[PDB]
């Protein structure tokens, strides 16, 4: 230990690069500084990581408690805790699930107890169309018009996987209404405060995403017209299919990079499939020392 170096982007710019990180030997202070960087700079890019799937899980265990994805078709064949996004067949077989995350979302936002930290370890990186898009929803909250902050004050949002639940191999020949009903039973919509206070930073986070947030309700639980959600999606940059909105950050990476990011503050989205270049990434998702927000 005592060799890790963190290079934060200047000022309010998102992100930091982390050199000399070895998960097997990092000190307690090293991990504390890395976690502080994640919560403050939102994306930490670990450089020069050459890890097996088993070692990648070991690295995640240094940061928190891993949770495996609740649908197992996403899981790595050797490591249940690794979620695999892949469109490269292996021995002709589909590993993980292709073309995941083509919509704005925070990970597990449709679940009652979402984890605070997402780790992505790219395996196959497009030459041209690489990277992941991000919006910092605490910064996006701050940039809302004052009256729009007022309009969501005291409201609650409903989040559900019902739009982007992916058909599974064993769903073939089932009637679609059966699958729709099963999703509502297995993963019922969850209600969260529209905004919450980040336990680590104190920031107010606007916890919505176009992909999972399906309704908004007033302070008494009465459903509000979803045009409010559309206006919030619009203001925060989530309806811009050009990805030019000022809130949007394109995070690129190179071989050996490993992204660790704040899954309270950030929403993210895969790029458009503007090229046929494949993507393969391994994901570990960990709970840290606090719940997503104090109301959980």
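In this text, the rigid core denotes the largest set of C-alpha atoms whose superposition between the two forms falls within 1.5 Å. Numbering follows the first chain given and starts at 1.
Taken in 6 other deposited structures of this protein and fitted on the core, 151 to 159 and 86 to 94 differ in how far their Cα atoms move from the shown form, and the one that moves more is 86 to 94. In summary, of the stretches 53 to 61 and 266 to 274, 266 to 274 shows the greater Cα distance from the shown form in 6 other deposited structures of this protein, with structures fitted on the rigid core.
In this entry, the higher average B-factor at the C-alpha atoms falls on 220 to 228, of the pair 150 to 158 and 220 to 228. The question of which stretch, 88 to 96 or 105 to 113, has the higher mean Cα B factor is settled in favour of 88 to 96. Taking only the listed residues 127, 71, 203, 171, the entry reports the highest CA temperature factor at 127. Comparing C-alpha B-factors across 40, 263, 255, 238 in the deposited entry, the largest value falls on 255. The PDB entry assigns residue 245 a C-alpha temperature factor belonging to the highest third of its chain's modelled residues.
Residue-level temperature factors show residue 35 in the middle third of its chain, judged at the C-alpha atom.
In this PDB entry, residue 64 carries a Cα temperature factor that places it within the middle third of its chain's modelled residues. Ranked against the other modelled residues of its chain, the C-alpha B-factor of residue 78 as given in the entry falls in the highest third. The deposited CA B-factor of residue 58 belongs to the middle third of values across its chain.
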